[PDB]
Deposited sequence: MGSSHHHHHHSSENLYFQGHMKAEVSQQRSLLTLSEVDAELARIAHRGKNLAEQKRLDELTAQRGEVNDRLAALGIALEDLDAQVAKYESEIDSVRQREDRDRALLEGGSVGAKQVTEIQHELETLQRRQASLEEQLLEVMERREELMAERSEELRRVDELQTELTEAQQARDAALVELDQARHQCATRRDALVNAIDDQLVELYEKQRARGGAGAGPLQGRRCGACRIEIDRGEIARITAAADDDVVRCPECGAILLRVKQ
């Protein structure tokens, strides 16, 4: 197999463009902007979970408040129903009933207050978590805007290299482009520069028996690295 040195020179730029396209794809999956978005999203979810659990607690205290202020309403009604006063003999019995009704309302007042201020404390804690999570939300959208913008730049850069690559392939004979892409299917670079003695693809230190035949090969000949099989470009 043989190929013009000018074709091999463009095959070198073709491998470089392909190597740049690979790192462009790699950085897309390892965006620092997404790592920042991942942390803000986790933190916002942490405040969202506490806000949800705080909501359950205030429901319980609201039910306690409602049940407490449903009992005194019957006590206030029991006093109102018995306020109508007609035999004075049994009135003493209705008078001792009012003394117990007043003690039931007074004891219930101590119970409502303990729940009222405890609910007042939780809603205060709920407000500080709302401002906390709202702060994170504004940061989260900024990180999300920064993440999307970083994806646009990578896609723009990838669109560049894809155009330069298309032009390169049209400038090299299909026979050489075929062997190159057949070598990329093996998992390696497909072609690399001979960096002194070591192949530019698999980066192996080629033995001293192969470099003699490689250096002796004609300039227009194509050479494959023994270890990996990639096209070694001496130019």
Regions of the deposited sequence not represented in the model:
1-20, 106-110, 261-262
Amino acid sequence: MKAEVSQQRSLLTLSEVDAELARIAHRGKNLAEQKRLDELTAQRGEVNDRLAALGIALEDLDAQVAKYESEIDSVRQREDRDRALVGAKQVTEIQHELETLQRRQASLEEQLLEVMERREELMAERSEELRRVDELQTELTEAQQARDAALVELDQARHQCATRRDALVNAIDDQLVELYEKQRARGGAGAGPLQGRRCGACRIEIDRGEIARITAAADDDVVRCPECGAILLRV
From here on, numbers count along this sequence of modelled residues.
Give the stretch, out of 152-160 and 71-79, with the larger mean C-alpha temperature factor in the deposited entry.
71-79
Of 21-29 vs 216-224, the stretch with the larger average CA B-factor in the entry is 216-224
Out of 115, 122, 146, 106, which shows the largest CA B-factor listed in the entry?
106
Between 38, 59, 205, 166, which one tops the list for C-alpha B-factor in the PDB entry?
205
For residue 211, return the chain-relative third of its C-alpha B-factor as stated in the PDB record: lowest, middle or highest.
highest
In terms of the chain's CA B-factor thirds, is residue 135 lowest, middle or highest?
middle
Classify residue 44 as lowest, middle or highest third according to the C-alpha B-factor given in the PDB entry, relative to its own chain.
lowest
Would you check the entry's CA temperature factor for residue 182 and let me know if it's in the chain's lowest, middle or highest third?
middle
Of the three thirds of Cα B-factor ranks in this chain, residue 92 occupies the highest
